[PDB]
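J.: I have a structure here, written as structure tokens, and I will follow up with some questions on it.
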Amino acid sequence: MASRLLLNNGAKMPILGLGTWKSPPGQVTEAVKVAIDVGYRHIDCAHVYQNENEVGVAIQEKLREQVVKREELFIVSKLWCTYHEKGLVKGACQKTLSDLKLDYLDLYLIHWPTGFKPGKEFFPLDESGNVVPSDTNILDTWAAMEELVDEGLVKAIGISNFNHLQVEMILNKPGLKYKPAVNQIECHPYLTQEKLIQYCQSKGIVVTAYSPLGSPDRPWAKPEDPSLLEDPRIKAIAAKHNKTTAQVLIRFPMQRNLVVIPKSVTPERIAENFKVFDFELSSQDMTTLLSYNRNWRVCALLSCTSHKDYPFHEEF
Ligand SMILES: NC(=O)c1ccc[n+]([C@@H]2O[C@H](COP(=O)([O-])OP(=O)(O)OC[C@H]3O[C@@H](n4cnc5c(N)ncnc54)[C@H](OP(=O)(O)O)[C@@H]3O)[C@@H](O)[C@H]2O)c1
Ligand SMILES: O=C(O)COc1cc(F)ccc1C(=S)NCc1ccc(Br)cc1F
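Residues 38 to 353 in my numbering are what the sequence shown lists, from first letter to last.
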């Protein structure tokens with residue numbers, strides 16, 4: 038199929054990108070270099086991952102080497118929860134731009150819908166371990182994001198981990214100037230997100246699927262959690278196509294018209310994950326993979342469940 042999807046701003050976003058959460062600073066530079074060489078043109082970043090400077094070094098080297106031109110790359114970062122206050126949004130964006138060594142971002146996302154107390158700590162906690170919320174509401178944060186488009190810092194703005202009521206709040210904002218281009222959410226065969234995806238797609242919002250392999254390096258993994266990569270039913274579908282299970286898990290969201298951003302720092306796996314354009318899962322394989330849904334979420338956090346804007350109390 039097409040390798041890019043059209044956003045509501047007229048820009049084309051590559052459907053496969055490289056994730057960078059948990060990529061150590063001493064390895065992410067090489068990872069990104071190898072990815073660009075092999076053909077990736079979309080990199081998913083965030084300030085909170087604490088490695089944007091090192092991503093930036095990789096991007097600059099490949100621009101300087103003339104392997105790629107800036108306009109061919111699609112670089113995404115995210116506004117952290119401690120910067121939801123209207124006056125802090127621009128500064129947070131500029132810090133990211135400085136670390137990545139760029140003069141504009143292609144897409145800037147609100148990372149989570151919940152605002153936290155501003156400060157140096159990414160997760161400010163109270164004396165009993167609850168996250169300290171800020172009194173900012175998401176509509177005011179959105180207005181600040183829209184000003185970054187007008188100022189030329191970012192080409193498109195979007196959201197991440199927003200449920201459908203939270204998306205609706207933005208779409209019904211008085212004076213809405215730029216609709217969200219993308220909603221980046223957790224999506225894989227154990228959390229298929231049919232309802233939320235259909236909602237978003239109906240509204241012309243592109244969905245990006247994160248943790249498509251089930252994030253087996255997540256820091257809070259437990260020894261007897263489910264493993265997608267070792268699910269024997271998925272292994273059988275892979276075997277039938279002579280692909281790896283990872284390749285099947287990456288191709289899956291592509292055929293649902295989603296963008297997908299697997300993470301790897303391993304050069305062989307970076308190349309393997311890119312070889313997904315030469316095969317098709319059947320309708321039958323797609324429906325079967327959808328049937329494996331268990332509403333199991335990698336990305337959730339108990340310390341934040343008391344926040345009024347925590348997204349996962351809703352059905353979708
Ligand atoms: N918006 C948000 O809230 C949100 C939250 C979570 C994730 N994200 C984004 O989504 C990206 C992807 O999600 P994720 O990092 O949670 O995990 P993921 O991409 O589902 O899985 C990463 C794990 O899979 C391993 N892996 C990669 N390709 C493989 C292959 N071909 N065979 C076997 N193992 C393979 C990686 O190993 P190696 O690295 O050792 O090779 C790593 O341990 C993140 O990096 C981040 O950019 C955004
Ligand atoms: O968030 C990422 O992209 C990947 O995850 C993270 C990435 C980081 F670099 C630091 C913490 C997280 C965590 S703990 N994310 C879980 C989480 C954070 C805030 C809220 Br509201 C709910 C929630 F579930």
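Even for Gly, the Cβ is constructed at its ideal location relative to N, Cα and C.
Regarding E102 and ligand 1, is the C-beta to nearest heavy atom distance less than 8 Å?
T.: Because no heavy atom of ligand 1 lies under 8 Å away, the Cβ of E102 does not count as near it: no.
J.: Looking at the structure shown, is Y145 part of a helix, part of a strand, or coil, going by DSSP?
T.: Correct three-state label for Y145: strand.
J.: Within 10 Å of its beta-carbon, does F289 have 16 or more other beta-carbons around it, so buried, or fewer, so exposed?
T.: Result: buried.
J.: Between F199 and ligand 2, is the CB less than 8 Å from at least one heavy atom?
T.: For ligand 2, not one heavy atom lies less than 8 Å from the Cβ of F199.
J.: Can you tell me whether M38 is helix, strand or coil according to DSSP?
T.: The answer is coil: DSSP assigns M38 none of H, G, I, E or B.
J.: Where does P269 sit, in a helix, a strand or coil, going by DSSP?
T.: It is helical.
J.: Could you pull out every residue in the same chain whose Cβ sits closer than 8 Å to the Cβ of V204, ignoring the five residues on either side in sequence?
T.: Here the set comprises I196, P217, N220, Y236, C237, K240, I242.
J.: May I have a chain-ordered list of the beta strand (DSSP E) segments no shorter than 3 residues that lie completely inside the segment 222 to 273?
T.: Listed in chain order, they are 243 to 247.
J.: Measuring from the CB of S114, is there a heavy atom of ligand 1 at a distance below 8 Å?
T.: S114 Cβ: outside cutoff for every heavy atom of ligand 1.
J.: Are the CB atoms of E231 and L327 nearer to each other than 9 Å?
T.: Result yes, Cβ atoms of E231 and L327 sit closer than 9 Å.
J.: Residues in its own chain within less than 8 Å of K132 by CB, not counting five upstream and five downstream?
T.: Same-chain partners within the cutoff: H84.
J.: Out of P211, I96, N330, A276, which one is the CA nearest neighbour of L318?
T.: Out of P211, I96, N330, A276, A276 has the C-alpha closest to the C-alpha of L318.
J.: Since I believe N90 is in contact with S60 (beta carbons under 8 Å), could you give me their beta-carbon distance rounded to a whole number of angstroms?
T.: About 13 Å separates the two Cβ atoms, so there is no contact after all.
J.: Between the beta-carbon of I175 and the beta-carbon of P249, is there less than 9 Å?
T.: Not a contact, by the Cβ cut-off of 9 Å.
J.: Can you name the start and end residues of the beta strand (DSSP E) that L116 belongs to?
T.: Where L116 is concerned, the enclosing beta strand (DSSP E) stretches over 111 to 116.
J.: Taking the continuous alpha helix (DSSP H) assigned at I196, which residues delimit it?
T.: Counting along the chain, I196 falls outside any alpha helix (DSSP H), though it belongs to the beta strand (DSSP E) covering 194 to 197.
J.: Tell me the rounded alpha-carbon separation between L146 and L116.
T.: Each residue's Cα considered, the two are about 6 Å apart.
J.: Using DSSP with H/G/I as helix, E/B as strand and the rest coil, what is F153?
T.: Three-state result, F153: strand.
J.: Verify the contact flag: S264, CB atom, against every heavy atom of ligand 1, threshold strictly below 8 Å.
T.: Result no, Cβ not under 8 Å from ligand 1.
J.: Using 10 angstroms around the beta-carbon of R107, count the other beta-carbons present and answer buried if the total reaches 16, otherwise exposed.
T.: With fewer than 16 other Cβ atoms within 10 Å, it is exposed.
J.: Between which two residues does the beta strand (DSSP E) harbouring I80 extend?
T.: From DSSP, the beta strand (DSSP E) with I80 extends over 79 to 81.
J.: What residues are listed by DSSP as bridge partners for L213?
T.: DSSP, once it has assigned bridges, lists no residue as partnering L213.
J.: Which residue marks the beginning of the beta strand (DSSP E) containing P61, and which one marks its end?
T.: Unbroken run through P61: none, as it is neither H nor E.
J.: Taking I271 as the reference, which of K300, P226, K99 has the closest Cα?
T.: For the residues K300, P226, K99, the minimum Cα distance to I271 belongs to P226.
J.: Counting C-beta neighbours from all protein chains within 10 Å, is the total for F199 16 or more, i.e. buried, or is it exposed?
T.: Buried: at least 16 other Cβ atoms inside 10 Å.
J.: Ligand 1 heavy atoms versus the CB of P269: any closer than 8 Å?
T.: Outside the cutoff, so no.
J.: Starting from the C-beta of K154, find all residues in its chain whose C-beta is less than 6 Å away, skip the five residues before and the five after it, and write them out in chain order.
T.: Hits under 6 Å: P161, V169, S171.
J.: Tell me whether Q221, by its Cβ, gets closer than 8 Å to a heavy atom of ligand 1.
T.: Indeed, a heavy atom of ligand 1 lies less than 8 Å from the Cβ.
J.: Rounded to a whole number of angstroms, what is the C-alpha to C-alpha distance between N45 and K259?
T.: Each residue's alpha carbon lies about 40 Å from the other.
J.: Taking 8 Å as the line, does the beta carbon of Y247 fall inside it for any heavy atom of ligand 1?
T.: Result yes, Cβ under 8 Å from ligand 1.
J.: By the DSSP assignment, the alpha helix (DSSP H) with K99 in it spans what residues?
T.: Where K99 is concerned, the enclosing alpha helix (DSSP H) stretches over 89 to 101.
J.: Compare the Cα-Cα distances from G156 to each of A193, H148, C118, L142 and report the closest residue.
T.: Out of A193, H148, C118, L142, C118 has the C-alpha closest to the C-alpha of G156.
J.: How about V105 and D81: are their beta carbons less than 9 Å apart?
T.: No.
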